[PDB]
Amino acid sequence: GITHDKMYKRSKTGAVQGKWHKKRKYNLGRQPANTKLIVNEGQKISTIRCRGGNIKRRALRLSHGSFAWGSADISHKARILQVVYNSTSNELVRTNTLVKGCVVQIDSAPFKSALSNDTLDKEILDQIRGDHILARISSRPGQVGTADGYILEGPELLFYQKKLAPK
Amino acid sequence: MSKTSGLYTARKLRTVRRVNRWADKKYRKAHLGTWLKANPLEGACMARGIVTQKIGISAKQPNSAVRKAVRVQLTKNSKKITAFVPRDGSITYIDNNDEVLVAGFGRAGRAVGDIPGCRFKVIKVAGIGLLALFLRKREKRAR
Amino acid sequence: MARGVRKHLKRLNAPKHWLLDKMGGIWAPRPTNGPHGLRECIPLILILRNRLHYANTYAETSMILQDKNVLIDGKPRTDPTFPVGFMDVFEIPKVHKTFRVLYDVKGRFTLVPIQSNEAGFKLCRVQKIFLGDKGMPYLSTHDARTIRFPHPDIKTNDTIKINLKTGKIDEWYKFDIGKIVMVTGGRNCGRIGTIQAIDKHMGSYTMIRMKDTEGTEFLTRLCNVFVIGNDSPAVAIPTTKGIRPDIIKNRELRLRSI
Amino acid sequence: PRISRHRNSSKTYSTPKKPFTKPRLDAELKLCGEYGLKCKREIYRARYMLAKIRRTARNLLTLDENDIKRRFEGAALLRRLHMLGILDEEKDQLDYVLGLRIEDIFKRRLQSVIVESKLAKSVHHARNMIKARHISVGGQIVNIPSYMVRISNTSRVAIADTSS
Amino acid sequence: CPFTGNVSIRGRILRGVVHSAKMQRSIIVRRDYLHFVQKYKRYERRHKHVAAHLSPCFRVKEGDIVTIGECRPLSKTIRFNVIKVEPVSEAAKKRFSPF
RNA sequence: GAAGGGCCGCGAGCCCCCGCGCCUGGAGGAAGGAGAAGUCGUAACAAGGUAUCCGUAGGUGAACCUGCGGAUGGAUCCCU
RNA sequence: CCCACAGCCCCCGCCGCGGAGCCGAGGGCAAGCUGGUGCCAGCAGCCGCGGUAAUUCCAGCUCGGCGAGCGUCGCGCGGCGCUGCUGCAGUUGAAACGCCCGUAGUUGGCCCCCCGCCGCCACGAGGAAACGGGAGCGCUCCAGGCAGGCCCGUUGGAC
RNA sequence: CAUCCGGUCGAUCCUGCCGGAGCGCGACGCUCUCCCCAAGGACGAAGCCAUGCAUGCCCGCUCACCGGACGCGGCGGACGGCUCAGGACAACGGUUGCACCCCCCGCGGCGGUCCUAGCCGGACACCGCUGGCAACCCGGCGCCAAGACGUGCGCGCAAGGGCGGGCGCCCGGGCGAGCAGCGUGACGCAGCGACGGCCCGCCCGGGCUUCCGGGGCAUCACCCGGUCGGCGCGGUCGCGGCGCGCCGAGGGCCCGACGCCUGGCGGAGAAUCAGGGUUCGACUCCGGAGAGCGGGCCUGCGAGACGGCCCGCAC
Ligand SMILES: [Mg+2]
Ligand SMILES: [Mg+2]
Ligand SMILES: [Mg+2]
Ligand SMILES: [Mg+2]
Ligand SMILES: [Mg+2]
Ligand SMILES: [Mg+2]
Ligand SMILES: [Mg+2]
Ligand SMILES: [Mg+2]
Ligand SMILES: [Mg+2]
Ligand SMILES: [Mg+2]
Ligand SMILES: [Mg+2]
Ligand SMILES: [Mg+2]
Ligand SMILES: [Mg+2]
Ligand SMILES: [Mg+2]
Numbered sequence: 002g003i004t005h006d007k008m009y010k011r012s013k014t015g016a017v018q019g020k021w022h023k024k025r026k027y028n029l030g031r032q033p034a035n036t037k038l039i040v047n048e049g050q051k052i053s054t055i056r057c058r059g060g061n062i063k064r065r066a067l068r069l070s071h072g073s074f075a076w077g078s079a080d081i082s083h084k085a086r087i088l089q090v091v092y093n094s095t096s097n098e099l100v101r102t103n104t105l106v107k108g109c110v111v112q113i114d115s116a117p118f119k120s121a122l123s124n125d126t127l128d129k130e131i132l133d134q135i136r137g138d139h140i141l142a143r144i145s146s147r148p149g150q151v152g153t154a155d156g157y158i159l160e161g162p163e164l165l166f167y168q169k170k171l172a173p174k
Numbered sequence: 001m002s003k004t005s006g007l008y009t010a011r012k013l014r015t016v017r018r019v020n021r022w023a024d025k026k027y028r029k030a031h032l033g034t035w036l037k038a039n040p041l042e043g044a045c046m047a048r049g050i051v052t053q054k055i056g057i058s059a060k061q062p063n064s065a066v067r068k069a070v071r072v073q074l075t076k077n078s079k080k081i082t083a084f085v086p087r088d089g090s091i092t093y094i095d096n097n098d099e100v101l102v103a104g105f106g107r108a109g110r111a112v113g114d115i116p117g118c119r120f121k122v123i124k125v126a127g128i129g130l131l132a133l134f135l136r137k138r139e140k141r142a143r
Numbered sequence: 001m002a003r004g005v006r007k008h009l010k011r012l013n014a015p016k017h018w019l020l021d022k023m024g025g026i027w028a029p030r031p032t033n034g035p036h037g038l039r040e041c042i043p044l045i046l047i048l049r050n051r052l053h054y055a056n057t058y059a060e061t062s063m064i065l066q067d068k069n070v071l072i073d074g075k076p077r078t079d080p081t082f083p084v085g086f087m088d089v090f091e092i093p094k095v096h097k098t099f100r101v102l103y104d105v106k107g108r109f110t111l112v113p114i115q116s117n118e119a120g121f122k123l124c125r126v127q128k129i130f131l132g133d134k135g136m137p138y139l140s141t142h143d144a145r146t147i148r149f150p151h152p153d154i155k156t157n158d159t160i161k162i163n164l165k166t167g168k169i170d171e172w173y174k175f176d177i178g179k180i181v182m183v184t185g186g187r188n189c190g191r192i193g194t195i196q197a198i199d200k201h202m203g204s205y206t207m208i209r210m211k212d213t214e215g216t217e218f219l220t221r222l223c224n225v226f227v228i229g230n231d232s233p234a235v236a237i238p239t240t241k242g243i244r245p246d247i248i249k250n251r252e253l254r255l256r257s258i
Numbered sequence: 002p003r004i005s006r007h008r009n010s011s012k013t014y015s016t017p018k019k020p021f022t023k024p025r026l027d028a029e030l031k032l033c034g035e036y037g038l039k040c041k042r043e044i045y046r047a048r049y050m051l052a053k054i055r056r057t058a059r060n061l062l063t064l065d066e067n068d069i070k071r072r073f074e075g076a077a078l079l080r081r082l083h084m085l086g087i088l089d090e091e092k093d094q095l096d097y098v099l100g101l102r103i104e105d106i107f108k109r110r111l112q113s114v115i116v117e118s119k120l121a122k123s124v125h126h127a128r129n130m131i132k133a134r135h136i137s138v139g140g141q142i143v144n145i146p147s148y149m150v151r152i153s154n155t156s157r158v159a160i161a162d163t164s165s
Numbered sequence: 101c102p103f104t105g106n107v108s109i110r111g112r113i114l115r116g117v118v119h120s121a122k123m124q125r126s127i128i129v130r131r132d133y134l135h136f137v138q139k140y141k142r143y144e145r146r147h148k149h150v151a152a153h154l155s156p157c158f159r160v161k162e163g164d165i166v167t168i169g170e171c172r173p174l175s176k177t178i179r180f181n182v183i184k185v186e187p188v189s190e191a192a193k194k195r196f197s198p199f
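Listed below in structure tokens is the structure:
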């Protein structure tokens, strides 16, 4: 089936190497999970029997995740609203597909329920008084079956704000 | 001198010999491949064929004789050759449309003696050696 | 490529220092995984059948072992292919024979008979220190044994004395210049000498220079240098004291024995 | 595979490069008559062994006297030659070996030793007697004519006790 | 980069000369060595091309001498990283330089 | 949670076209070699009866002939 | 006796099958006498024989070589300094480009007393045996095998 | 263990080839007393296959017949054996590495589990009754066991994720190397447990990877366009153009690229014999690849397995 063996490629000179054996099971790959944001329907996670009896779980649908505000040391479980930016391609954004590095909007309730009363960074607080907070994804859905991340801070926040503001 | 002799000149010497060793007739005949594709026996000690015509061939100018030979067709090639049965009075033992085994002469693929354009020898007919039939060790009453 | 692990062993592919006859058969015993590896071990049956000669076949050895007639480090072993290695204790109570497995100068395994006073322990080489679960310090050895909570004063390549009955450390010998050692690998297996120099190369092997009692000097890598005490051996050693004779003297000895 | 595949084997003799040589034929026939040899394979065997010894001696002689390998190999070779009686005892230098010759090999055959002991009338008689198993070496019956006797067994060769 | 990045140097250290420097952060290194032929009792000069990653901390032009350290596979043809550069002077004649 | 269906992925087999390599028929045309004691002339070897040969160009039943320039492996080591 | 059962080898008793072929005899290349045939039949790796003595064909006698093996066919090494690194040839035998410039390539005078680097030499570590070499041992010898002796280097299988 | 001989002429010396003389591998032919060792459908048919055999064992579970049957369950069947089609910077040989990895048995340790425990629940197999079909194959009803399946008694514990070192450099758990482990803020309740094994280390094995070596033809001189590199995600045991999107333009070549051919498995080694070398290497040991051609997959630590299953094609 799908394989990642290098025998089917060309050489550094651009030559055809040739083939000397049939396909092997060590060098196989699998179809992508394509984890979807929920926005019969519910959280669905599958399990994969990998080499050595090891277990791998890929998420197909999920709606929640753990997010951390590093500067203030605040962490809660929050609901993810939608994906708003992705560097690889805009098609993933349109489909609300979750991958590592996606930029998402989370609900503000778990944070505002305790914030807006202590001196901290102005920008995060302005986000808090609203409905959503900009954030990022740091885990790998499709390998561990989870979608965690962290709240954006300084220069990267400015970068992404300037990116998505005109839209 | 005429030949290169520097300490870092192995490549040139190898290439020179590689190119120049193709000028020997023997080396070409052995390592070129044309002879193998042209030899009806394809590098075999001897072959098996069917005799189809019994003929006599004159000798060369300084000699005077008619040598006895037969025309053969090889089973595994379907091509034609001329093979010569030397021993005295051994033509009468060979009959038309008979199974024969044909080998070579002393020289690899050149003509031998005053026989013109003949390079093969008959050794077995109908499964019995001709040398044995000539000495009366056995008889061909099966044919 | 074989689809899995290997279970057989051709006789011609067996280690040389086992001394197996070419015409004995197509096959040789395949040792099972255990305290020692394939190339630093010798199967039990070879000792019990081709040396001591208490058995003449595989079957007799099987009966003897399954009747519990040999103890290895205080534990009965019923496997004819169990691997025996260096500085192991071989006791047969039925005949009151006790042996310690060591190396001869020629580079082969030998059985040195011992006493009762020194058969309650063994020497082990520590070559790996690591943190296990919960950050608990650990320590491993050449015979595939691990000990938790070792003394901080014990470092790598040191030598450790452990009671056979209880795997508890008593005293330890450091790897240092001036300590008697015994070579356990390579061209110099079975030689005994004292460390004279230590030279390290960043990212490569560390070479140890040793001098024999007679003044001969030899080199070997640190991976097969075993400490056996502080200037004097801690255990009984073969009749010869780790001296390899030259071919001439060996020939003289052979002629004398002829 | 069968264990019989690992059994070794080799030839033991060499044929001359030029066969039809009159002096060689004369000398070979002369030697065959003198020692009553069966065929000419025995002479070829003797020449083979002599060549082996000579080559070993050459290789050792090329080296220095104080070479450990030279001492070891020369000592072994001299001991073998002395034990076999081919070389005289009083010679203990590697140079003397190169002067050896096949006749010295022949003189140590069983036929020869029993003939010089006056135990047989002739080499042919010796061979006939050996075949019939009327002879013994050290109390053991030997029926191989080409059997070579060591010096220590020279006085131990006698007639078989059980022979008629 | 081996200094500010997340790779480790392990294995063999080698030396060579710069042959090309056209890619964004990669170069081609030329290595020269000798091969002996027993029949003719003489040598041949051989060379090989080895690609390496060049970090922005180094400035390199053709003919420079570099020291490369072995790393994990970084791409299809790259397993080495530059760790030292020694400049070479202007218009210096190309010379056979085993290292 | 079965049968069944849809979209993608791995990918057989057949059809169409292109290219490469190895063999092979063919009226007629043309080369070479061997065989014999065929017909027409004598080009070369002697100054071989016009000294021989090289390159180039044209012509003629055939060997060959002629023109321009060159060599002696020539038939000359020798003349204000 | 041996053998899983049986052969075989070996040992003990009574009777006792003693059998040599394949090539060649002009030279290379060791080895010659009558009868036929008559450039026919045939031999002959090459030179050659045979057109009335055929020292060469076909037969008999005799003789030689190897020998339980001998001869024929094909291939590889050698022969071959006829592929030439050691170690060919290049006026006339086969073979110096019509001449010059010139990049890759190959090759480059003499000089510094010691430092660094490359090659080089020596030693060493590390890494399977079998094969090959080789120490010791009377499978009756031998091709072999790693045995074996009693009062054995710790018997040995070194390197 | 450094050898030559016959043949161009009316005679002679040379060049130069033809032929002879030796060893080995096979086939053909004649012949053959005794003993010992010993190869044996490989040689452009990896062509086709009647017939028989080549993988079983057993601790647990007996109201079976008189405990032996049978069946469930466990281990093994991925080793061994055959062949050399394919594959020419590959395989393979020597030398590195994983601070980019996985691993059954075995040996030694370790063993704390968030929110009826004098012992839990329901089934199937064999078997009884009733039956289909030429064969191969199975159907329905019915009481019963487990070291089988499910649930699960218990001192907080799997994967993953955020934060936690410096001020030119160097001078313990561990390294040559900031690598391991731990704390703490949030997520999630994975595995073990109705006769206690999840986990760690070693070992054998595997996967990839550095450097050097690795056939011929120039009547093949220019070749490559995921081809070369960078950024990001995905997938994988895992690194990686391995795959996808975007960006740039590169990489190889007379020190012979690319293409074509091979009656091409490689090495340890074999034949030959002054020294230097030439030719071969199906076959005993190691390694690779395949099981009519081409593909796909389940079980399992481990197979893209074929004396395992699914499809197309040829039989
Ligand atoms: Mg004229
Ligand atoms: Mg004229
Ligand atoms: Mg003239
Ligand atoms: Mg010549
Ligand atoms: Mg001329
Ligand atoms: Mg000429
Ligand atoms: Mg609980
Ligand atoms: Mg249970
Ligand atoms: Mg092939
Ligand atoms: Mg194999
Ligand atoms: Mg397979
Ligand atoms: Mg398959
Ligand atoms: Mg089958
Ligand atoms: Mg199988």
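Going down the list, the sequences are from chains I, X, E, J and L.
When you line the first sequence up against PDB author numbering, it's residues 2 to 40, 47 to 174, in that order.
Note that PDB author numbering numbers the second sequence so that position 72 is 72, with each residue one more than the last.
Note that PDB author numbering numbers the third sequence so that position 115 is 115, with each residue one more than the last.
For PDB author numbering, add 1 to where a residue sits in the fourth sequence, where the first one is 1.
For PDB author numbering, add 100 to where a residue sits in the fifth sequence, where the first one is 1.
Think of the CB as a built atom: it goes at the ideal place given N, C-alpha and C, for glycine as much as any other residue.
Closest Cα partner of residue i within the set the options
i	options	result
I/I3	I/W21, I/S12, I/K13 and I/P33	I/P33
L/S189	L/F199, L/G169, L/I165 and L/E170	L/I165
J/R25	J/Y14, J/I44, J/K108 and J/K39	J/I44
X/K79	X/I123, X/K121 and X/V51	X/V51
I/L29	I/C57, I/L69 and I/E48	I/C57
E/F109	E/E60, E/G185, E/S116 and E/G229	E/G185
Separation of residue j from residue i, as counted between CA atoms
i	j	result
E/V126	E/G215	29 Å
E/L131	E/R254	53 Å
L/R130	I/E98	44 Å
E/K134	E/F149	12 Å
C-beta contact flag for residue i and residue j at 7 Å
i	j	result
E/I114	E/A236	yes
L/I109	L/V118	no
L/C101	L/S175	no
Local Cβ density within 10 Å of residue i, reported as buried at 16 or more and exposed below that
i	result
I/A85	buried
I/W21	exposed
L/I113	exposed
E/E91	buried
Same chain, Cβ closer than 6 Å to residue i, five either side skipped, listed in chain order
i	result
I/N93	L99, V100 and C109
Other residues of its chain near residue i: CB distance less than 7 Å, five sequence neighbours each side excluded
i	result
X/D114	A59, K60 and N63
Close beta carbons around residue i, own chain, < 8 Å, minus the five adjacent residues each side
i	result
X/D88	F134
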